[PDB]
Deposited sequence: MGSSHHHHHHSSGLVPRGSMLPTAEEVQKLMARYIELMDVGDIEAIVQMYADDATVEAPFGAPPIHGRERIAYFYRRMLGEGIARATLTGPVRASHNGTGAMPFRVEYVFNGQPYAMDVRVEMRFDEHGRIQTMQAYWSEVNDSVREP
């Protein structure tokens, strides 16, 4: 069965925590088997869990400082939710990210679109 509104926030609230600490391996396992990431939305989709790992290694790999919610987690009963948030980095940077997410019956991320500022 599809994860409830409750379970979605529990899973999506966890996303921002794994981002803030920059846990790549953990986030990659949140995603379903042949999941799609569209980040930013308008660029070619990233199919497969393998290539998603690289996207997150692009974003986090360098070393993130913070990743914090800039609005409420809008969870639906269709196993989908969106949340506007922000990421900040340490270099010798910041960006407003607004992810929408779709969960399968197994509680994993099927599709993400992310809109960057």
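Missing from the model relative to the deposited sequence are positions 1-19, 112-114, 140-148 (no C-alpha coordinates, numbering from 1).
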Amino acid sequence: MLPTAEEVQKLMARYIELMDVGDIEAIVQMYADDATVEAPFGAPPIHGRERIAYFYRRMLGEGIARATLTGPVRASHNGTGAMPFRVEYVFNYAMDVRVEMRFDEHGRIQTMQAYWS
From here on, numbers count along this sequence of modelled residues.
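Checked against the record, the higher mean CA B factor of 108-116 and 2-10 lies with 2-10. For the segment pair 75-83 and 61-69, the entry gives 61-69 the higher mean B-factor, averaged over Cα atoms.
The entry lists C-alpha B-factors for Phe41, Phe55, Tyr89, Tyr31, and the highest of these is at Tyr89. Looking at the C-alpha B-factors along this chain, the one for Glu100 belongs to the lowest third.
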